[PDB]
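**Q**
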Amino acid sequence: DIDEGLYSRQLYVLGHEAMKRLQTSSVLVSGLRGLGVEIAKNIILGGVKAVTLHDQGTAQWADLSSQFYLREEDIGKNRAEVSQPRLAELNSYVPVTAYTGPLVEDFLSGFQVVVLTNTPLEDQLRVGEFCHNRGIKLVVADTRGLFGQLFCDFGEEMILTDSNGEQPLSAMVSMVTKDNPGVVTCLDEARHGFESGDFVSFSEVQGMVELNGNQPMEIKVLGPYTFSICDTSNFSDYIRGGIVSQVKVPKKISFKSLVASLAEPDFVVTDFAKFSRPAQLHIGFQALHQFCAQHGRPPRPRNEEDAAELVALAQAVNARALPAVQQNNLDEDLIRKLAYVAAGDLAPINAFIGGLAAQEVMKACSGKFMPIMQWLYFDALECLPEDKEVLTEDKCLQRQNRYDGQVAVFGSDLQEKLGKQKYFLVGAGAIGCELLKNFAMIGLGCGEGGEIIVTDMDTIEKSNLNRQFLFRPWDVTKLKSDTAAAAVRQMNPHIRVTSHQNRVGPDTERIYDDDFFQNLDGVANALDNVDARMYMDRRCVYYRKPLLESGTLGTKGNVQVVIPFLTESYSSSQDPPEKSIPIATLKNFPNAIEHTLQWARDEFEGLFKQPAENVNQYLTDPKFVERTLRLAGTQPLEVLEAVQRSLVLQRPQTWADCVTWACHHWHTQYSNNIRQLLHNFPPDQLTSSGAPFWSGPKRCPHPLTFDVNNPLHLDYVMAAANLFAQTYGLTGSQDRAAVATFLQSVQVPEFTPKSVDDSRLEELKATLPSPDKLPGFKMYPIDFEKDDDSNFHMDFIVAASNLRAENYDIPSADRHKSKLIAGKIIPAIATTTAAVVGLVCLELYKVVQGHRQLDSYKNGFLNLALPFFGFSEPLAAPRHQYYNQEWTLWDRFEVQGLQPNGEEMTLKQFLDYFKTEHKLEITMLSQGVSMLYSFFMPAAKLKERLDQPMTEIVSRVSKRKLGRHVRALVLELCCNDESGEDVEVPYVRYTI
Amino acid sequence: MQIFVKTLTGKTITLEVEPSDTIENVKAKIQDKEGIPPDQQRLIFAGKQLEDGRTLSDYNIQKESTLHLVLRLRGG
Ligand SMILES: [Mg+2]
Ligand SMILES: [Mg+2]
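As you go down the protein sequences, you meet chains A and B in turn. Under UniProt numbering, residues 49 to 803, 821 to 1057 are what the first sequence spells out, in order. Under UniProt numbering, residues 1 to 76 are what the second sequence spells out, in order.
Structural data, given as structure tokens:
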């Protein structure tokens, strides 16, 4: 009953069960400041039952530095009333309401979760006692400039169905013992990965029927391949085979009251370098609430006496605490830094904690992740200028400007820098929208000499609306970049955003040429693949521009910053590759559902798109036959045969001819090939070790007969015949009754499994119909589309995967799970996306101010399902050395290509230049993939290259002349130094 | 001593090492229990990233200390 089209990317992070528990949960958001609107944004996008806003204060100027829904013409009104229609637009399924002041006990009764933001502590204590004693989930989140806190109180009895968010792992059973604590041994080359205390379940274990289908039993990890189970004394005798399935059991946790947790705090560390800070910041926020009782206002920005008042108050709060919470040492400077940025309201900090606080609300009414227990304190104190002595009398003083909440922390001069920044945003997806929103609130590119370049090739799909809040369901079929700019120009009219629709890569080097990266001050990535990340990384090294890299995956996030001449690049480190299924266990011996889904996706590409693309190239390119005959072995015959099939053999003319093909391919793929496989490998053949072949990762298949009444057999023919007719351009019907009536009249050719090659190829080149014989005929390839439930695409994969799963006795999967593996959908949620982008813009405050110390930067790593928060300083760029000169990744060789005379530098002058000016005996020279010079060159190759200029050599080997736009050239070297032996050296910028 | 290594899956690993051991030897022990090459391990401790060639005493790692095996991600 839930809209899988809208929540597609989110149902892969919460699941249908936890989503249904969201549909029936009302949330109250109190305080619509910068932090309050951020929390409410992700909650509405998450899909709760209903959200209710609440606020008593007016929309002051100091609130526009982070609230992206308070326009400049709404100052003075009620924040909850004006931002209600804007928040109610994000999700057409969640009604949003506001309230105008009373926080009475009867009002809180109609809510399940209550969020308290920017509310005095004494006013929070009354709400905390009531909600906990009546079973109302409580979330308290406050942000004070660079600092911020987050608190949760989900009652003293909360059931957790999932405490880590990770999918259950599986393993295959080798041997199990009949001891009192039975010992299970997994297969070799496949670690179980389980933990002591986990619960597993057994299946397909023959010889111990009592162990199969049992309920969760505790396990103890005895090693990387063994673990123990329950009692196995009075069980049967084990034989062979089996599969272990990890199961997560629901466990209960308890939360203390707000008034009790404030006295007995349980902390969750955000920065492990700041381990002793959550205890100190717990006293600072209490003194900040009591500060509003002495002076009736937040402390003034910077200032000396107002900072000394918090130090005097914090010492009194420390003495009045319990003798286990009282700290023997008080950090005077940390509380004085808190008084300076107390009156500040920054968009990044609000976006970060607002993303976390919104995620805690998701855990409250779903029990899907481990919540924060119970306090979470975070500070971005490194964003301040390094030791710089700036006065508050000119800068931090409020100017009745929209940036008062941000200038009060940094200053007017640091605000003028942002207005003159030019940044390049690569992508307008989930991270792209959050960055444009923070750009508008921060103020970067909002001046006379500032610009924000947004480029993105994708159009707005229905699934994007769950996390990309700058888009609306009527913005479908529009460019993301153009639409996202129009949404930001309304949040801040001063911003200047240019929206391109160019796919960033090697083809668009003309648009983003050398002159483009010159006036840039930095680049911010928002990409969903690793190839574009590596491409943007190499260019930021060639042009020496800062890069802000970020990535998400479900509840996980990471942030890495690359500063020129300071840190290593994104490509310096390596990441583990994706799950690569061996071709053997993919084509013949599958064991999991992923092996059939990956097989069904390859069936779609090779059965519909691949033959049509070959026929079109055969009918368009006159040099197609010669091209295919040139490449590889047993590949010309595979492609030439496919052309003969699609042109004459398997060529349809009527819809009925497509139904017979779908029935013939069914018997060939799920019956004939299965009998052919069983012929080469009988169902009880032994291996070289005398062991049964069909054991463990190899499941014994069985042929499948065609039953016209079975819907799974019919669902396959309907989707196959339609996609087959679309390839040839024929009208396909959807009447499942007439097709089934027609299937009972189709004849299937007999099949008997079976136990110079160029001579067959010499006949095919002569038997192929000439393109002049049939003029007019053309086929149409079919691009795979996952998010369309009408093109029969997912209808084919599910039917193709589950039919193969029945052959190998594999449990099938629904079309929702099949869409995850075959479509390769990466799960994403709005709370994680907003959390990392807030951390990205924190380091952005350091880039625009120019930090040269590695201590100031922080690389972020998040996992909101644990919850985990870790930060580490970026690694300094690796320093290598050849003889007396040492070089860094950011260093280059500058070689002027053309000379005192108009002629170009030659290869000989190039080699001798490094021997006399740099003392480098060059022994290997290459530009890209082509090699130019090496010590092992043939004598003839060296003669015809020494006197030729460098551009003439590259164009000679690369078969492509250099374009007119090429202004410089990158060269790789492997030379010998003055020491004696081979040595690596920087690259060369060869300016033409 | 006895150090802990926690991953992004909540999986906590127990190791038996000595303060004289190097970072390179620690990454070799992780591969013998989890199967991750040292080039794919990102270890964090006290706000610093563990680099090869260093020792456990350079980063000041006492007994009962926790390391974090993090990862970078692709979606966006
Ligand atoms: Mg898309
Ligand atoms: Mg994507």
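C-beta: ideal position from N, C-alpha, C; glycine also.
Indicate whether the contact test is met: 3 or more Cβ pairs, each with one atom in the stretch 753-764 of chain A and one in the stretch 687-704 of chain A, closer than 8 Å.
**A** In short, these stretches do not touch, since the Cβ pair count stays below three.
**Q** Should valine 1035(A) go down as buried or exposed, given a rule of 16 or more other Cβ atoms within 10 Å for buried?
**A** Counting Cβ neighbours within 10 Å, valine 1035(A) comes out exposed, since fewer than 16 surround it.
**Q** When the cut-off is 8 Å and only beta carbons count, does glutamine 31(B) lie next to chain A?
**A** Judged by the 8 Å Cβ criterion, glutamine 31(B) is not in contact with chain A.
**Q** Closer than 6 Å by C-beta to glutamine 334(A): which residues in its own chain qualify, once you throw out the five before and the five after it? Chain order, please.
**A** Around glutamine 334(A): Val365.
**Q** How many angstroms separate the CA atom of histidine 715(A) from the CA atom of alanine 893(A)?
**A** Distance between the alpha carbons of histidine 715(A) and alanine 893(A) is about 40 Å.
**Q** Between the stretch 185-216 of chain A and chain D, which residues of the former have a C-beta closer than 8 Å to a C-beta of the latter?
**A** Going by chain labels, chain D is absent from the structure shown, which instead holds the protein chains A and B.
**Q** Out of curiosity, what's the CA-to-CA distance linking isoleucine 508(A) and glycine 477(A)?
**A** Distance between the alpha carbons of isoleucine 508(A) and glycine 477(A): 9 Å.
**Q** Comparing alpha-carbon positions, which option in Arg649(A), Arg1025(A) and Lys889(A) lies nearest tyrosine 60(A)?
**A** Ranking the options by Cα distance to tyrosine 60(A), first place goes to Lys889(A).
**Q** Roughly how many angstroms separate the alpha carbons of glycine 459(A) and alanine 533(A), rounded to a whole number?
**A** Answer to the nearest angstrom: the Cα atoms are 27 Å apart.
**Q** Are the CB atoms of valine 231(A) and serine 276(A) nearer to each other than 8 Å?
**A** Closer than 8 Å, so yes.
**Q** Give me the subset of the stretch 568-600 of chain A whose CB atoms are less than 9 Å from a CB atom of chain B, sorted by chain position.
**A** Listed by position, the residues of the stretch 568-600 of chain A near chain B (Cβ gap below 9 Å) are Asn573, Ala574, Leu575, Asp576, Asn577, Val578, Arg581, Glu597, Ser598, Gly599 and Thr600.
**Q** Below 7 Å between beta carbons is the criterion; list the residues of the stretch 886-902 of chain A that meet it against any residue of chain B, in chain order.
**A** Of all residues in the stretch 886-902 of chain A, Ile891 and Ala893 have a Cβ within less than 7 Å of some Cβ in chain B.
**Q** Please confirm whether any heavy atom of ligand 2 lies closer than 7 Å to the CB of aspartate 579(A).
**A** Not under cutoff, so the answer is no.
**Q** Could you give the first and the last residue of the continuous alpha helix (DSSP H) run that contains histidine 180(A)?
**A** Counting along the chain, the alpha helix (DSSP H) containing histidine 180(A) begins and ends at 169-182.
**Q** Is it the case that the CB of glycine 75(B) approaches a heavy atom of ligand 2 more closely than 7 Å?
**A** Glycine 75(B): yes, Cβ under 7 Å from ligand 2.
**Q** Can a CB atom of chain A be found closer than 8 Å to the CB of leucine 71(B)?
**A** Answer yes: the Cβ-Cβ gap between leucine 71(B) and chain A drops below 8 Å somewhere.
**Q** Report yes if the C-beta distance between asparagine 872(A) and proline 749(A) is below 8 Å; otherwise report no.
**A** Yes. Within cutoff.
**Q** Which two residues bound the contiguous alpha helix (DSSP H) that contains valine 787(A)?
**A** Taken as a continuous stretch (DSSP letters only), the alpha helix (DSSP H) holding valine 787(A) covers 784-791.
**Q** Count the other C-beta atoms from every protein chain shown that fall within 10 angstroms of the C-beta of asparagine 567(A), then say buried if there are 16 or more, exposed otherwise.
**A** By the 10 Å Cβ count, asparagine 567(A) comes out exposed.
**Q** Got a sec: is the Cβ-Cβ distance from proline 745(A) to anything in chain B below 8 Å?
**A** Closer than 8 Å: no.
**Q** Is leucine 15(B) close to chain A? Criterion is C-beta to C-beta, closer than 8 Å.
**A** So, not an interface residue.
**Q** Distance cutoff 8 Å, beta carbons only. Does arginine 54(B) sit that close to anything in chain A?
**A** Not one chain A Cβ lies under 8 Å of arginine 54(B).
**Q** Verify the CB distance criterion: does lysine 27(B) have a CB-CB separation below 8 Å to chain A?
**A** No, because no Cβ of chain A sits closer than 8 Å to the Cβ of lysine 27(B).
**Q** For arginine 345(A), which of helix, strand or coil comes out of DSSP?
**A** In this structure, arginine 345(A) counts as coil in the three-state DSSP scheme.
**Q** What three-state label does DSSP hand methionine 1002(A) in the structure shown?
**A** DSSP places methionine 1002(A) in coil when its eight states are reduced to three.
**Q** Spell out a yes or no on whether the stretch 521-532 of chain A and the stretch 1002-1017 of chain A are touching, meaning 3 or more CB-CB pairs, one atom from each, closer than 8 Å.
**A** In short, these stretches do not touch, since the Cβ pair count stays below three.
**Q** Kindly indicate which three-state DSSP category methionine 582(A) falls into: helix, strand or coil?
**A** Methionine 582(A): helix per DSSP, three-state reduction.
**Q** Quick one: Cα of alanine 710(A) to Cα of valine 765(A), how far?
**A** Going from the Cα of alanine 710(A) to the Cα of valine 765(A) covers about 5 Å.
**Q** Any beta carbon of chain B sitting closer than 8 Å to that of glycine 605(A)?
**A** True, the Cβ-Cβ gap to chain B drops below 8 Å.
**Q** Using the beta-carbon of each residue, which ones in chain B are nearer than 7 Å to residue 44(A)?
**A** Since the displayed chain A opens at 49 and closes at 1057, residue 44(A) lies outside it and no answer follows.
**Q** Does the CB of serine 937(A) have a neighbour CB from chain B at under 8 Å?
**A** Cβ-Cβ to chain B under 8 Å: yes for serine 937(A).
**Q** Using the Cα positions of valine 901(A) and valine 163(A), report the straight-line distance between them to the nearest angstrom.
**A** Answer to the nearest angstrom: the Cα atoms are 21 Å apart.
**Q** Would you decide whether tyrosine 948(A) is buried or exposed? Buried here means 16 or more other CB atoms lie within 10 Å of its CB.
**A** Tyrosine 948(A) is exposed by the Cβ-count criterion.
**Q** As an exercise, report each continuous alpha helix (DSSP H) stretch of at least 4 residues that is fully enclosed by the UniProt repeat "1-1" (63-199) of chain A, in chain order.
**A** With a minimum length of 4 residues, the continuous alpha helix (DSSP H) runs that stay inside the UniProt repeat "1-1" (63-199) of chain A are 82-94, 127-130, 132-135 and 169-182.
**Q** Candidates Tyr141(A), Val175(A) and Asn212(A): which alpha carbon is nearest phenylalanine 933(A)'s?
**A** Of the candidates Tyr141(A), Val175(A) and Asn212(A), the one whose C-alpha sits nearest the C-alpha of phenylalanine 933(A) is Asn212(A).
**Q** Assuming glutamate 597(A) and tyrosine 618(A) make a contact with CB atoms under 8 Å, what is their CB distance in whole Å?
**A** Going by Cβ atoms, the distance from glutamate 597(A) to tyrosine 618(A) rounds to 5 Å, so yes, they are a contact pair.
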